[PDB]
Amino acid sequence: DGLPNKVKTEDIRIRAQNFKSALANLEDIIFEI
Amino acid sequence: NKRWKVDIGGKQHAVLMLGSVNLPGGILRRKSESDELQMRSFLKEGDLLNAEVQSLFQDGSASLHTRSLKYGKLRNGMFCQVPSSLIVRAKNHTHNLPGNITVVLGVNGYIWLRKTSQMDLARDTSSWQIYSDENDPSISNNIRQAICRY
Amino acid sequence: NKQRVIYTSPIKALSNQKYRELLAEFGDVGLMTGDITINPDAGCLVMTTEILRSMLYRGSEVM
Amino acid sequence: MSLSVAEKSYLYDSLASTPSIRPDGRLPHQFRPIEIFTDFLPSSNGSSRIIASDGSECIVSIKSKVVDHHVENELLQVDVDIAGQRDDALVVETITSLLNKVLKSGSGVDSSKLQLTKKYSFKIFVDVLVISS
Amino acid sequence: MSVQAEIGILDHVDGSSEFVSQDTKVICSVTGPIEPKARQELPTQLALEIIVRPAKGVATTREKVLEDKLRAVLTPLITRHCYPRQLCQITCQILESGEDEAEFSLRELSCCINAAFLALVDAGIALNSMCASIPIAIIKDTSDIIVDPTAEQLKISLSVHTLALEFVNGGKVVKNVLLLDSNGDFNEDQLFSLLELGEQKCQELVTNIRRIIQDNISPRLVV
Amino acid sequence: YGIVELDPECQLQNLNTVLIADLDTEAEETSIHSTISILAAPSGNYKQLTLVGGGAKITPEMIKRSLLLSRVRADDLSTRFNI
Amino acid sequence: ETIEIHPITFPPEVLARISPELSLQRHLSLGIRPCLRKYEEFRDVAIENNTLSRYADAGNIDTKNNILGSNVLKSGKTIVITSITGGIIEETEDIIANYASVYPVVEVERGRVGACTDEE
Amino acid sequence: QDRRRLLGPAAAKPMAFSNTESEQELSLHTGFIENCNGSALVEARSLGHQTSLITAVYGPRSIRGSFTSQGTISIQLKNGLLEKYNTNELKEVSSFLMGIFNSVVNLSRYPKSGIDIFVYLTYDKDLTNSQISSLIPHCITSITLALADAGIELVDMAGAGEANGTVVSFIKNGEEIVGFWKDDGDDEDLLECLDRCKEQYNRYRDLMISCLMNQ
Amino acid sequence: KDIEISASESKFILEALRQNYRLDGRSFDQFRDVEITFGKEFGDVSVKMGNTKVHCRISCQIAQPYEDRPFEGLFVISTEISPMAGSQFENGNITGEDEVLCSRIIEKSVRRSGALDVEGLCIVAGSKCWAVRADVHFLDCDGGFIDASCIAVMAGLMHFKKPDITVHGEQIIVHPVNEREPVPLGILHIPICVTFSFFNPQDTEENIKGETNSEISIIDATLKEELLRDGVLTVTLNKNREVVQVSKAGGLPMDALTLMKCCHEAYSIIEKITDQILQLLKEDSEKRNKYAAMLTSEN
Amino acid sequence: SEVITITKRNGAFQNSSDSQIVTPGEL
Amino acid sequence: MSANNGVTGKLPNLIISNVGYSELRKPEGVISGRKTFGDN
Amino acid sequence: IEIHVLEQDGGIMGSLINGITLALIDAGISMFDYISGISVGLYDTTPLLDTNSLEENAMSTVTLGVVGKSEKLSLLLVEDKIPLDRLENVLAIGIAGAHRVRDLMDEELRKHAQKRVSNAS
Amino acid sequence: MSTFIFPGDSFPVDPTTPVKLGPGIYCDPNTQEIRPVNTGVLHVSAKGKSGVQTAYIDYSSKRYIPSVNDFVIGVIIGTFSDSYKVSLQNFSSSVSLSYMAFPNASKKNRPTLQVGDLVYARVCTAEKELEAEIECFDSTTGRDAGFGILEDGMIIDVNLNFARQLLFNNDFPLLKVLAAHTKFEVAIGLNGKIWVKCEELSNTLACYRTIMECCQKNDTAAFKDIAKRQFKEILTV
Amino acid sequence: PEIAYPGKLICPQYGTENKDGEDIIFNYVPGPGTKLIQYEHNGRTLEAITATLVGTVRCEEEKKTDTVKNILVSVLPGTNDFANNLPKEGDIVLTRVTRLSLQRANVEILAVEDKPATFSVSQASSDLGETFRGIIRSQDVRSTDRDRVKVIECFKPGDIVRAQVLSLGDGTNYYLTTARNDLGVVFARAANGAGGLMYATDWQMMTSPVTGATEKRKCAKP
C-alpha cells in the first residue's frame, strides 16, 4: 500500500542476536581448496 | 633520533650524542638499543646541566658531553643569566663561596647557583641521582635568602 | 656483558695480524688505524696506542 | 618560557615559605622598578612609553576625534597590538576586550568631561603597541 | 555536429585539451601523477584534485558544485589503484560561456567533462572506458525536446538535462551511466524518453570522437 | 538511493543487485558508488533528480522502483506534520 | 592443497572500524543494514515548526527578536535546525526569470575547527 | 566581499523595527550527538529570559605538535541564531572557562591528548522590554555534563552560582572557590555575593547528578 | 613544489652570456613576436608570445559608487593564477609574493596610472555607475606574464564596448543590445611594460667593488632563463614618451647609467608593437564591418 | 619602605686604549 | 679475486605478469647507455 | 627584521632602508657595505631632495635605494608619471644626497663606537 | 589502419594463451579479467617466442613512470644519510639511491657527490607503491662501471617515446647527422632527459636547438636539413 | 560504597577490622577513577579516596610473589569508552597501515585489547586525521634476520597488524613493534583492496583462496 509501518523495537535486538550468532560461530573454520 | 637539541645561547643548538652522558651505575651499564626507548627518562625539555664542549662541525656548530661526575644535571638552586661578555676567562670555573653555596659560571652567559655539595667539598680537601628532579629536602631560608643576595 | 674492549698494538701490522685473526674468530670487532678504520660501532675494538690517547684527550664516548 | 622541574619545586618551595621569599627577595607587596615616558608623539593627542625591568616594552597612543555623542554609544575605544602575534590569538583578544570594560563610559570614566556639546563629543582611541613582554 | 577539439596544446603540463562545441570554448589541463601534499594522500588509490576557473568573476560556490559532480564522474574513469600515494591535479578553464551563468550551468557541465576526457588522453593515464556528455533541454511552451539547445532556447526551456554515459566495446555498449543531471520540472514518462535519444546521441558523439583521437595522435605516434 | 552488487564470498547462513535508500552510516557512504537522489512533490511531480553512477549498473527498473519509493516517502512527510 | 584455513573473527564493533565494506557485506548476507535496518526500513522524521521565530506566540510577539519562521528537524541521529531571516533591497508565466530564491548558510559541526569546509 | 559564501546582493539591508528573588529553571539532557563522545543539552528560563545552548566534546584527539606530559583543553564559543555577542567578548569567557577546568581535569591521565570543547550559544530570549555575564554559570554546568558523558577523569562536579552581575564558581560543596568573575554591582556586597551564588550552586549540582545517576 | 636545475646547467647559460649567446635564438635585447587574436565577444582576446599564453576578459555591470569618490565608477583587475599554467603555483594564492609582484605592477600600470577614465563610468552620480571587471588568466608560462598581462588587459580595453543607457531618476533604461549599439571606452594613454633580466657572471664583490660594469641585461627571460636571474626590473611607458612606472625592487646591485641606457631601447620596441595593436583593432573592426557589409547585403 | 620605582620624564622619546675602529664597506 | 680465499687456497587463464620496456628490446641491456662519438 | 612605523612624515620608503642599515650593523651582522635610501621628488623641472607627504601628494616623486659609495642601485621604484628626459638628471641628483646619508650614519655610529671601549676599558 | 585501441575496447587475443604482460594492459585483481587500459596502438609480439606472446600499447606521455632496468638521468637534491635524495623529474616524487650502490662498493668509503650533480643511473628496484630505488653500478652491470656522475655538459627534456627511439632504435636518424658534424658525448635518460657534452658549447647550442626543434616537429625524415641549418645559424657568427 | 558520581567521597586511606582478636589494618590503594584528596573540616585534615568518574566501586587486592592489608580501589563504568583505555607501554594494539617508507612503517591506532578477547576500539574518525598514529621502524619488524630487512615483503598499505607498543616516543607518533612469531599481520584484501580476502598460509606466508595468488606478509600466529 505504502502506508507507514513503525518498526518494532524488539525485532532488531533479535536481529542483532541473530547477527551476533551466525557471525562468530560460522566464521571459525573455513574448509577450502 | 638518538640526538638531543639544547640551547647554548649562541647561534644554534649544540648536539649531544646518546651515549655521550654519564650513566647511572657507570660503564658497567653498557650499551643498549632500549636506551633510545628511554631518552625522555634521563632527560627532558628545558633542563639545566653542566656540559663540556667537545668539538665542532663544518659550520661552527659544536657538541657537548659530560666526561666527569662533575658535569651533570642541575638542582639545589636557581638560574640567572647575563651577557656573555663580562664573564672573564680563567683556568677554573666552579667556585665556592662563604654561605655554603656555589656558583656555576657558564662561559656563554648562563649562571646557576646551588648549595655546596659534598662533591663540591670534595674538590678542596648516590650515583643514581643524576637525572632526579629532587633536591636536598633540607634547605633553610638562611640558605635561600643568601641566594638572592648573591 | 655487552661491554666494549680495547686491544692495543704499536704496529699496524701487529694489528693486521690480530685483526684478521679475531675477525676470523669473533667477527664483530672494530679496527681503528690511521690507515683504515673498519666497523666503528662494533663491540670489540682493536687500535693503536695513540688513538686511545687522542680519543682520551677529546673524550670519545666510545670510551 | 620553558623552565626546569627541579627549579619548579624550589621556586614553589621558596615562595610558599611562611616567611615568604621572592626569587629577587622583595617584600611581598613590592613591585619592580620601571620607567615612564610620555608626550613624545607630537602628532598625537597624547603619547606614552613605559619600560619594564625585564625589558618588556609597550607604547600606547592617544588620537581623538569629534563625534555626535547621540548616534554612537561607545565614546571611548581601546585597540591593542602585540608584536609577534596573530590577531586571532587568545591573550590578544581577552586583554583587548578587558580594557574596554575597564573604561566603560560611566563606570570609572567621566564622559561629561569628554562632552563637547549638547549634540557632540569626543571619540578617543586607546591605541596600543606592545613591543615585547 | 559543430564540435571540434585540440590535443596537446600546452607545454609544461602533462595533459592538455581544448574542447570546442557550438558556442562554448573550454580548455582543460591535466598534470599527473606528481608529488602529493601531506593532507592529500591516499594509501591505496589515486588522489584527485580538480580546479575549474570560470570565464567571469572568481571561484565561488557556483563553481564549486560543477567541480564536485565532475569529481564524481572521473573517479570510475580512472584506474585508481594504479597510482597509490600520488596526485594528479587536473584543471579546467571556462573561456566562453555560451550560456547565462547567472541562470544556467548546463552546457559547461557537458562541456568540461567532454573537455577533461581528452586531456587525459593527452596525459595517457591508465583509464577504464570511454565517455560522453551532451546538454538536453525540454521547451516550456512547445513541450518538445532538443538535444544540444541554445541559451535562448534555454530561456523557453522548461527543464535542463545533462547525461554522462560509460561506453565500451568499441564505445558501443553503455557500460554504466555516470551522471544524470535532471533539473527543471519533469515526470516519470519524459525521462525514459529523455534517455532514449541520449542513448544514441552520446554514442554518435563518441563515434565522431574515436576517429579524432587517432587522427591527432597517430602522427604523434611513431611507426 | 543506493544500488550495490554482491560478492558470493561474503555470506553467513542464518547476479544479486540490491537497492537501498535512506542512506547513512559512514560505511555505507564510503562504499556506495552508484547512487540516486530525487526531489519530488507529492502528486507525481519532480523538482530534480541526481544520478551519480559509480558502482553498479542502473536498471530501468530500480529507477522506477526508486520512483515508486519516491512518491511514498515524500507524500507521507507532506501529510505527516500537516503544516 | 585442500586446507581448512581457519579465519579470525571479531566483535562486530571491531569490524566496521576496520572494514566499513566487509562489515556491510556481512549485513548484506542476511540482507540487512549496518544501521540495523532491513533494505527499505526508513528513518522516522520528527519536527517542530515555528518555535524559534518571534512569531511563535501569536498573542505576545516579543521585542528584540528577528526570526521569521523556524523549523526543528531530527531524523535518525542527526539534529538540524533551520532559521529564516530576511532583508530588503530598494527595488529599482513559468519562465526562470520570474523566479528567485534565498541566501542560505550551512554549518556542519563536525569537530573540525577552521574555515568553511568544502562539503558545506 | 567574501568570495566563499552566499551573502546576497550587497545593497540590500536587513529589516528594521521600532517601538509602537525569582526562579531559574533547567532541563538537562545527555547522549544525543553521535559525532561526539560527550554531549549535553541545557534549557534555561528565568523571568524574562529563556536560553538554550549545546556543549560538544571531542577527545582525546591526537596532537600533531610535539610531546606533552599531559592533556590540553580547547574551548569554542559560537553564536547561534539570534543573539550576537561580540567576538572579543567571546574569547574572554573562553579564557575564563579554561582556568577552572585546569583545576578539574586529570590531564596527567591523558598524555599527548587533546580536548575539544564546542559551545553553541544557540538561542536566547531576553524579553525584558553585562548581558553575557548572565550566562556564565550555565556554561560550566553544560560543559561538566558533557565531560561526564565522555567519561573523562574529573575531580569534582564544580559549579558556578550567580548573584546580580557576579559569577563565583565552587567545589567541595562550596567550601572552596575555583573561579571568580565580577562586574559592577555594589561595594562590599561580597558576603551576600557568597550566599546567593552558593545556594544556586547547591541547587544546580544536585540537578546535575540527578540527570546522570538516575539514567 | 620546487623547480630543480643542475648547477652544471646553471653555469652553462652563464657561459653562453659570457660568449654573448642565449638559448632562444633572439638577441639579448630582442623581444618575442606577439600574436593577438580576438574572440567574438567584445573585450575578448587571446594573446600569445611563443610559449607564454594568456587570456583575459573585460566586462561591466551596474553598481553604486563608493562614498570615497562618489563621482566615479568602479573598476578592478583580477589576476588569479591557476596551477594550470605551471605546477609551481598554489590554487589561487593571492598571498604569494611573485603574485604580488605580478599584482602591484598591474595595479600601478592601470589603476593608479589611470589609462581608463573612471569618471566616464558615472552613469548617475552616487546612484548607479559601472563596475568594470578584468579577470586575467594564465595559460602556460615562459615568463613575461607581467608584460603579457600588461598587454592583454590593455588589448581588452580597446575591444570592449558598453551598451546603451537612458536615465529618468530611478527609471534607468538599459536598452536591448541589438537595437541600440554597444559603446566603447575612453583610454587616456596606452601603457606597455618591459621585463628586464639580469645576470652577474661574477661574484658579489666584483659587482660591489669591482668598478668595471660587467652585467648582462636581457629582455623577456624564458623559463629556464628566468630561474637564475639576479635582479628584477620593469619600466612602463607610452607613446607620449612619459615613463609610467619603474620597479627595481632589490636583487642584484645595478648601475644607474645602465638603466637610462636600458630604458631608451624600450621606447623603440614598444612603439612598433603598439601600432600593430592599433591596426589590428581597426582591421578586425574593419573585418567586423566588412562582414557587416557581408551581412546586410546577405540579409 | 616603598613598593615600586616610579620616576617620571615626560616629553621625550629618550634622554638625549686607542685602536682602529672600522666600519663595514671600509678599506 | 684472490684476497679472500687464497689463505684457504694455499692451505582461469594463462597469465604471465607485467614487464618493463627494458625487456621489450631484444639484446637485453648490452646496449651501452653512454656513448662518446669517435673520430670523424 | 621587525618594523615599527610610528610617526609618518612622507619620504616613507627611503626612511625604512636607512633604518635597516643601522639594525644589521646594530648586531654587527656580516655584510658588504652601507646601503642608503631616499625619496627625491620632482616639481615641474626641479628636483626635490627629501620631500614630505604634503609634497608627495603634490607632485611626482622617485625613491632610490643606493648602495654605499657607488653608483649602483638596490631599490628603484617609480609610481608617479615621469617625463623621460629629466630622469637621467633626476637620478644624478640623489646620489649626493645618498652619499651624505651614509656619511651621517657613519660618524654617528663611530662616536657611539668610541663610547664603548673608552668606558669598557 | 593499425592495431589502434582505446581503454574500453575489445581485447583482441584469446584468453587461453601463455602471455607475458607488457605495459598498458591491466589485469583485474578483483575479477581476474584483463583489459587494455590505455590509449593508442597495440603491437602484438609475433608467434614462435617459446609459445608465449606479449601485448603492449604504444601510448604517448611526457610524465615518466619509474620502472625497473631503465636508464635515467638524475639530480642530487639531498644527503639523507646512507642513501641519497635524488629527483628525476620536476614536481615528481624523489628517488632514493644507496650510498653504497657504486662500482667500488666499500662501506667504510663514503663517496663524494654533492647536492646538485647530474648522475647516470639505472632503476634497480621499484615497486609501484614504494619509495623507488635506482643504481649507477649494478649487478646487471655485471661489475660494469658504465653509469656514473656526469661533468658539466647540457641536458634537454623531451617526451618519452622520442627517448625510446633514441635508445631502442638505430633507424632513428638523429645520431647520424650529429656525428656528421662534430664529436661529442651522449647520455640517454628514460626520464625524458638527454644529457649531451661536446668539445664546444658553441656546437652544444647547435646541439641544443636542433633537439628542441626536431622533437617538436617529430618528423624524422625532415631532420636532415633542419639539423644542418642550425650549424649555419651558429656559423652565422 | 556501590555506585559513584565523580566527586563521590568513598573511604579513607586506611581501615580496620578485627579478624579474631588480632588487629588487621586496611590499606585503601588509589587506582583508576581515584584520587586522594586532603580535607580539613573544622580544623583537622583528612585524606580520602575520591570517585572521579561514573559507575561502580570495586575494591580488590593482589600481593606480589615471585598484619596490614593492601586494598586496591578500582572504579569502572557500568550498566563504550576508550579514553578509559588509552594505550600504555607494552600493549597489544590493532592498527591499519598508513604509509610504507624504506625507513619504517606508519600506522594509526584503532583498537586496544586487554588483559585477562576483551577489547577497546577507538570510537574516533580517522577521516579527520583525528586518531593517534604510530610508527613501526623497519628493523623492529622482527628480530630474526633483523639487518637485511625487506619491508615490502611483510606489509602493504591499509592492512591489519597485531603489534606491540614499544614506548611513547614523541608526542607525534609511537614506538611500536611486531617482533614475535605470534605478532604481525592480521588481515588485508588482495592488491590493497583491489582484490578479495587473503589468508595467512603459514605464520610466515599468506595466500588467497579464489585467486590462487599469494603474498609475503609477516603474518601472525593464528
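Quick look at the overall build of chain D now. Helix and strand counts for chain D come out as 3 helices and 5 strands. Listing every helix and strand of chain D by position from the N terminus yields α-β-β-β-β-α-α-β. Against the globule reference of 14 Å for 133 residues, chain D gives a C-alpha radius of gyration of 20 Å, more extended than a compact globule. In terms of principal-axis extent, the alpha carbons of chain D reach across some 65 × 30 × 30 Å. Within chain D, contacts between residues at least 6 apart in sequence are counted, and of these 53% link residues at least 24 apart.

This brings us to the interface of chain I and chain L. Interface extent is often summarised as the accessible area lost during association of the parts. Listed by partner, the interface residues are 32 residues for chain I and 20 residues for chain L. On the chain I side of the contact with chain L, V243, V246 and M260 of chain I bury the most area, a combined 24% of that side's loss. Run the count over chain I and chain L and you get 3 salt bridges. Between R241 of chain I and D85 of chain L there is a salt bridge, with its nearest N and O atoms 3.2 Å apart. The interface formed by chain I and chain L includes 13 residue pairs in polar contact. The set of elements that each furnish at least two residues to the side of chain I that touches chain L consists of α2 (97-112), α4 (205-208), β14 (242-255) and α6 (256-296) of chain I. For the side of chain I that touches chain L, the element with the highest residue contribution is β14 of chain I, accounting for 13 residues. Its residues placed into classes, the side of chain I that touches chain L shows 11 nonpolar, 11 polar and 10 charged. Sheet topology note: the β14 of chain I/strand β5 (residues 82-83) of chain L ladder contains 2 bridges and is antiparallel. Bridging across to β5 of chain L, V243 of chain I finds its partner in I82 of chain L.

The space that makes up the second largest cavity amounts to roughly 130 Å³. Tallying contributions element by element places strand β6 (residues 113-126) of chain H first for the lining of the second largest cavity, with 5 residues.

Residue and element names in this part refer to chain N. Spatial strand order, β2-β6-β5: 3 strands in an open sheet with antiparallel pairing. Both outer strands of the open sheet, β2 (9-12) and β5 (36-38), are each paired with one neighbouring strand and no more. Looking at each pair of strands side by side, their axes are set apart by 45° on average, direction ignored. Bridging between β5 and strand β6 (residues 47-50) involves 3 bridges; their strand directions are antiparallel. Paired with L36 across the bridge in β6 is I49.

Right, let's get into the interface of chain J and chain L. On the side of chain L, 9 residues touch chain J, which itself brings 5 residues to the contact. Across the interface of chain J and chain L, roughly 640 Å² is buried in total on both sides, 62% from carbon and sulfur atoms. When the buried area of chain J at its contact with chain L is split by residue, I21, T23 and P24 of chain J rank highest and sum to 70% of it. Counting the contacts that link chain J with chain L gives 1 salt bridge. The residue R110 of chain L makes a salt bridge to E26 of chain J at a minimum N-O spacing of 3.1 Å. Counting across the chain J and chain L interface gives 3 residue pairs in polar contact. Partitioning the side of chain J that touches chain L into residue classes produces 2 nonpolar, 2 polar and 1 charged.

This next bit is on the sheet that holds strand β8 (residues 157-168) of chain E. The strand order β7(E)-β6(E)-β8(E)-β9(E)-β4(F)-β3(F)-β1(F)-β2(F) describes an open sheet built from 8 strands, whose pairing is antiparallel. Of all the strands in the sheet, the pair left with one neighbour each is β7 (145-147) of chain E together with β2 (17-20) of chain F. Across the sheet, the mean angle separating the axes of adjacent strands is 20° when strand polarity is ignored. Bridging between strand β1 (residues 2-5) of chain F and strand β3 (residues 34-38) of chain F involves 2 bridges; their strand directions are antiparallel. By the bridge assignment for β3 of chain F, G2 of chain F is matched with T35 of chain F. Along the sheet, helix α2 (residues 106-123) of chain E makes contact with β6 (130-139), β8 and β9 (173-184) of chain E, crossing β6 of chain E at roughly 170°.

The next thing to look at is the arrangement of the chains. Ranking the 29 pairs of chains in contact by number of contacts places chains I and L first. Note that chain C does not reach chain E: the shortest distance linking a C-alpha of one to a C-alpha of the other is 36 Å.

Here we take up the packing of aromatic side chains. Applying the stated criterion across every chain, the model contains 15 aromatic pairs over all chains. One aromatic cluster is present, built from ring pairs that chain together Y58, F118 and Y120 of chain H. The aromatic ring of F192 of chain E is capped on one face by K64 of chain F, whose charged end is 5.2 Å from the ring centroid. If you follow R241 of chain I out to its NZ or CZ, it ends over the ring of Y267 of chain I, 5.4 Å from the centre.

This part covers helix α3 (residues 141-149) of chain B. Looking only at α3 of chain B, the buried set comprises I143, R144 and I147 of chain B. One side of α3 of chain B holds all its buried residues, which, seen down the axis, span an arc of 95°. Within α3 of chain B, the exposed residues directed more than 90 degrees away from the buried face are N142 and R149 of chain B. Residues of α3 of chain B that are buried in the fold lie against β5 (77-81), β7 (101-105) and β8 (110-115) of chain B together with α1 (5-15) of chain D. Its side-chain oxygen at 3.0 Å from the backbone nitrogen of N142 of chain B, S140 of chain B defines the N-terminal cap of α3 of chain B.

In a soluble, globular protein the nonpolar side chains are often hidden away together inside. Membership of the largest hydrophobic core comes to 79 residues, with the highest contact counts inside it found for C28 and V30 of chain E. Ignoring anything within four residues of it in the chain, the contact list for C28 of chain E reads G15, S16, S17, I90, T91, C92, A115, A116 and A119 of chain E together with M84 of chain I. Counting residues in each nonpolar core, the second largest holds 76 residues, with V45, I58, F145 and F160 of chain I among its members.

Moving on: a negative patch on the surface. A contiguous patch of negative charge, built from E26 and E29 of chain F, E107, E119 and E120 of chain G together with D127 of chain N, is present on the exposed surface. With respect to the helices and strands, the residue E26 of chain F is situated in the loop between β2 and α1 (27-31). A relative accessible area of 46% means that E26 of chain F is categorised as partly exposed.

A few words now on the side chain of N176 of chain E. On the secondary structure map, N176 of chain E appears in strand β9. There is a polar contact of 2.4 Å between the side chain of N176 of chain E and the backbone oxygen of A56 of chain F.

Between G32 of chain E and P33 of chain E the backbone carries a cis peptide bond, its omega angle lying at -5°. Mapped onto the elements, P33 of chain E comes out in strand β3 (residues 25-34). Going from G59 of chain H to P60 of chain H, the amide bond is cis rather than trans, its omega being -10°. In this structure, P60 of chain H sits in strand β4 (residues 49-62). With a phi angle near 60°, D220 of chain I is a residue other than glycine that sits in the positive phi range.

Conventions adopted
- Residues numbered from 1 in each chain as written, not as in the entry; some residues may be left out.
- Chains lettered and ligands numbered in written order.
- Part of a larger assembly, values for the part shown.
- Heavy atoms only, no water.
- Residues with missing side-chain atoms left out of burial classes, pairs and counts.
- Helix = DSSP H or I, 4+ residues; strand = E, 2+ residues; numbered from the N terminus.
- Rg over C-alpha atoms; globule rule 2.2 N^0.38 Å.
- Contact = heavy atoms within 4.5 Å.
- Buried area = accessible area lost by both parts, 1.4 Å probe.
- Salt bridge = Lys/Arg side-chain N within 4 Å of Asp/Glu carboxyl O.
- Polar contact = N/O pair within 3.5 Å; in protein donor to acceptor, adjacent residues only side chain to side chain.
- Nonpolar A, V, L, I, M, F, W, Y, C, P; charged D, E, K, R; others polar.
- Pairing = 2+ DSSP bridges.
- 1 Å grid on protein atoms, 1.4 Å probe; cavity = no way out; pocket = protein on both sides within 12 Å on 5 of 7 lines; lining within 4 Å.
- Points joined across faces, edges and corners; volume = space filled by probe spheres on them.
- Axes fitted to C-alpha atoms, helices over the stretch in contact; angles between N-to-C directions.
- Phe/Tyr/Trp six-rings, centres within 6.5 Å; stacked < 30°, edge-to-face > 60°.
- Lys NZ or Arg CZ within 6 Å of the ring centre and 35° of its normal.
- Buried < 20%, exposed > 50% of the residue type's maximum accessible area, 1.4 Å probe, protein only.
- Arc of directions from axis to C-beta.
- Core = buried A, V, L, I, M, F, W, Y, C linked by side-chain atoms within 4.5 Å.
- Patch = residues over 30% accessible without salt bridge, like charges linked within 9 Å, V, L, I, M, F, W, Y side chains within 5 Å.
- Areas by Shrake-Rupley, 256 points an atom, 1.4 Å probe, with all protein chains shown as cover.
- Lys, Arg positive; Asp, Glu negative; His and termini not counted.
- Charge placed at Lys NZ, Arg CZ, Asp CG, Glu CD.

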